[PDB]
Ligand SMILES: CCCCCCCCCC(=O)OC[C@H](COP(=O)([O-])OCCN)OC(=O)CCCCCCCCC
Ligand SMILES: CCCCCCCCCC(=O)OC[C@H](COP(=O)([O-])OCCN)OC(=O)CCCCCCCCC
């Protein structure tokens, strides 16, 4: 169990001048009395000891006497801190007490500078920095990593801590101080910078959204003065994700929207990504930057949202501009291919149906033999196509089954089609069950192409989740009653002769596919009637609770995301159509036009691949009219 | 003042738990006075680091180690409908979570032993006649009888200690009655088997159905399956009385019409069974076309079908109105209560061997009491991370 950081009720673990031990020293710095610190310096020199030794620190974690004073801050100032640092200098300690860190697994790298920032004591922050505090210390402990349970991930940096805790006075002091300035490009163990740390702590709540966005813009403007040449937003972590890409993967849509469309007028203009071109009444025309957004570049935001995002807001991020117009233009260019692929699959299903319809148990046989070849070649083409898709997008289908359940069905139909034609060559009779199942699955796969139509493309998740929940209860009811009916029939000896036949008989009656046999000739026909009556009544109550649970969830949860999901379905489709087929791959066409926005910080003309978006909103226009 | 007990032996903290006054129960459970009057508080803040807040909660008269604790009163002596909300308040949420994590291995071990017992129960009943095969079958009947008595003695021990909890909370402990009934049928069937009578067979197959249906009790250990039904059962018994009047009224007339001019309708029991099977889709209706008054039978059967449809229509409407209007999400709170009742009974242990209760918390000296004695309490550390409250206090 991790020890507490500061417990006023639990003593710290312990794992000729008068004696001044750790217990006496920890008590003095806790009460903030510099008068009783006398005698510590004479003790250290007498036995050649230092304040950073293991005797003066908690053995379990490594908390020093200096951090005890910072934890016990009285109205922002501790009178014991300044004498404590002076004793360390006079004692000749090779390692500075100010830069001391813990060694515990839970608290690793935690120093006194981290505590002073969290306690919101700028006077304590200035006092430590003036004495030689390193501002580039990493708190790489389990408590400071993002995981389940008790944790606080602030970026593992003192500068990142002040930004996440909304302390602009501490951020300003650390960034520009004569003693030791803080760089905005500092990275933690995960490679996250200060801007990367903000998107991780960001939340869709309006309070946290206002905190992170205001902190994000302030650091960019301050970073433009301290480091004009360095582009802070193009820095990537160990996963290769920029702060724009990192917000897309995690799903922080509120900051993702702000970064995607931001506009700064006058000064700090090159820090903006949306530039207004012209407006005429309700019509507003803006140029959106397509840097790291367009699908032409590798690992773009459009690919991350559609194939690397697990957040439930992925269908709302494809609606924000310029992602709405960009995916619409890509769909309009590839709408002809989508129906061309639908036409080729429909012709393949037509040939598949006719051959299976007209096969025996020489022009007619020669054309039938030619038909079997086209089925086999079509099956392998669908087989190789889905394996290529499965090799590139193995993780997307595992995290999103509802978005790509047809991809598994296209493989299964392809596997059954190829293997049936192989079994046909082996002259076995088992090619027929595989042929009719691929015929059913082949025709049922035509519903995938309904997303191209706006009426048919534009609830089911709730249904499937509840069906598997109540299926387990029904199987217990199905298995329990089936065994008793067989055991009652096997003894006094047939509709109930085995568990498989009894479970099938009861299941067919439930779905209205058959009837129940009462076993009137059996001696215990009353017991069978009692068991069959119990099964029917328990099933009705079980189905009644299923309808009530489905009724309560859909009525209470009111949401209209049919349009947003449909745009996401097109987004996943158009991104895969841009890659092309497996046998031939197209060359990606870059979207946007290279326009010179202005002058960058380094003096180079700020040329970006802007994308023109035209928006007409009468509601917002009438509000701004005097 | 707060340690004074009334004639029922209940402190003001325990009395609020039994009556169900959750608002004052929450305040007494977690209160903090700074500066003066500090020893009157039960929640002491240890340290805070951003959203993380760590507090030491007093476990006096709360931990299950002491007799007649609050955890026992809420789970076994409370009739208030807020009993599923009192197990969510701290430190009762973390205390019951730590007790569940320590006893999660036993719960699945008991589930495994019951599953093996049901497997042996099924095979023996599946392979019994109307010498290694018979010797193993005879050994199987002994394990069934010993397993039945073990379940019989276990439920009687539970029924002796918690007679009042099951009377006041049937929905929370309806499986306990089913475990006895399955145990009674299992033991009595093996006894009737020794008596060489043929009535051991109806009792054997009913215990086989009830035995397999009792495996749904162990679904509370899973968070997906453990996490409405009260409203359904309340309405079904309400509309059952109206249906029985409809069932009994039409059955007598059909028999009286058939008994006079004299068979699907020969007695009230057979007529009520025939009409009930058609309602649930388990059979068909006989029109008595050979009877002279076949038109009257058609009129009576048409009236029964139409009145039943209107009766079932009102039942669906009443169920639809109550669930839609009453909007509440207590699936998580009830699941924690189901685990709370289970972990409190697992702490007692089995009937043949009872464990020694392990005291939760650590004896920490909070400060100085009013009489001068050091205020040492069995505090319990609770770590809470709430980003929503932290961002509000930020200037
Ligand atoms: C190595 C050279 C091979 C050249 C073969 C050229 C065939 C044309 C290619 C084509 O039209 O696309 C195949 C089509 C697309 O599948 P999908 O993207 O809809 O899949 C999306 C799944 N999520 O899927 C189909 O139509 C089924 C495949 C069989 C078609 C046979 C040709 C028909 C000609 C009329
Ligand atoms: C006097 C000495 C007797 C010693 C017998 C030791 C048997 C093991 C004890 C055990 O595993 O617990 C029994 C189990 C618990 O019931 P429950 O708490 O789930 O009940 C909760 C009800 N609400 O319930 C069962 O598993 C069924 C009982 C029959 C089990 C037979 C042994 C199986 C060995 C594989």
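Between rounded, prolate and oblate, where does chain A land on the alpha carbon gyration tensor, with a ≥ b ≥ c its root eigenvalues, rounded for a/c under 1.5, else prolate if a/b exceeds b/c?
Values: a/c = 2.74, a/b = 1.60, b/c = 1.72.
It comes out oblate by the Cα gyration axes.
If you take the beta carbon distance between residue A:358 and residue A:501 as r and set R0 to 25 Å, what does 1/(1 + (r/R0)^6) give as a FRET efficiency, to the nearest 0.05? Walk me through the numbers before you get to the answer.
On the way: r = 36 Å, r/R0 = 1.44.
Using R0 = 25 Å, I get an efficiency of 0.10.
Using the alpha-carbon centroid of each, what span in Å lies between the range A:334-409 and the range A:546-624?
What the calculation gives is 30 Å, centre to centre.
Once you put a point 7 Å from the Cα of residue A:75 and another 7 Å from the Cα of residue B:168, both along the Cβ direction, what distance in nm separates them?
Result for the modelled spin labels: 5.3 nm.
The range A:46-62 to the range B:85-130: how many Å between their Cα centroids?
For the range A:46-62 versus the range B:85-130, the Cα centre distance is 51 Å.
Please compute the average number of Cβ atoms from other chains found within 10 Å of each residue's Cβ in peptide B:276-286. Before the final figure, lay out the partial values.
Values: counts 1, 6, 0, 0, 5, 7, 10, 3, 1, 0, 0.
If you average over the peptide's residues, the count of other-chain Cβ atoms is 3.
Relative to the present Cα-Cα distance, how much length would full extension add between residue A:558 and residue A:494 at 0.36 nm per residue of separation? Before the final figure, lay out each step's value.
Working: separation 64, 0.36 × 64 = 23.04 nm, distance 5.12 nm.
Full-extension gain reported as 17.9 nm.
Estimate the FRET efficiency between residue B:66 and residue A:470 by the formula 1/(1 + (r/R0)^6), using the beta-carbon distance for r and 30 Å for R0, to the nearest 0.05. Kindly include the intermediate steps, with their values, before the conclusion.
Values: r = 42 Å, r/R0 = 1.39.
The calculated FRET efficiency here is 0.10.
How high is the FRET efficiency from residue A:461 to residue A:285, r the C-beta distance, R0 41 Å, rounded to 0.05?
On the way: r = 38 Å, r/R0 = 0.93.
Efficiency at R0 = 41 Å is approximately 0.60.
For peptide B:381-393, what's the mean number of Cβ atoms from other chains within 10 Å of each residue's Cβ? Before the final figure, lay out each step's value.
Values: counts 4, 0, 4, 1, 4, 0, 6, 4, 0, 4, 10, 1, 0.
Mean partner-chain Cβ count within 10 Å for B:381-393: 3.
Which value in deg cm²/dmol, rounded to the nearest 500, describes the helix-derived mean residue ellipticity at 222 nm for chain B, given -39,500 (n - 2.57) per DSSP H run of n ≥ 4 and division by the residue count? Please report the intermediate quantities before stating the final value.
Details: 16 runs with 237 residues, N = 395.
-19500 deg cm²/dmol, from helical runs alone.
Could you tell me the distance between the Cα centroids of the range B:1-16 and the range B:236-269, to the nearest Å?
Result: 57 Å between the Cα centres.
Averaged across B:213-225, how many Cβ atoms of other chains sit within 10 Å of each residue's Cβ atom? Each step should come with its number before you reach the end.
Numbers: counts 8, 2, 3, 5, 0, 0, 3, 0, 0, 1, 0, 4, 3.
Mean number of neighbouring Cβ atoms from other chains: 2.
Starting from the Cα gyration tensor of the range A:543-626, take the square roots of the eigenvalues, sort them a ≥ b ≥ c, and report rounded, prolate or oblate (rounded when a/c is under 1.5, otherwise prolate if a/b is larger than b/c, else oblate). Intermediate results must be reported in sequence, preceding the final value.
On the way: a/c = 3.46, a/b = 1.49, b/c = 2.32.
Oblate.
Could you sort the peptides A:337-345, B:326-334, B:19-27, B:1-9 by per-residue average Cβ neighbour count (10 Å cutoff), highest mean leading?
B:19-27, A:337-345, B:326-334, B:1-9
Shape of the range A:248-391 from its Cα gyration tensor (a ≥ b ≥ c, root eigenvalues): rounded if a/c is under 1.5, otherwise prolate when a/b > b/c, or oblate? Show your work: numbers first, answer last.
Numbers: a/c = 4.24, a/b = 2.87, b/c = 1.48.
It comes out prolate by the Cα gyration axes.
Could the peptides A:609-621, A:369-381 be put in order, highest first, of the mean number of other beta-carbon atoms found within 10 Å of their residues? Walk me through the numbers before you get to the answer.
On the way: A:609-621: 14.1, A:369-381: 15.8.
Highest-to-lowest ranking by the protection proxy: A:369-381, A:609-621.
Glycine also receives a Cβ, built like all others from the backbone with ideal geometry; neighbour counts cover every protein chain displayed. Values in this text are rule-based calculations from the coordinates and carry no lab data.
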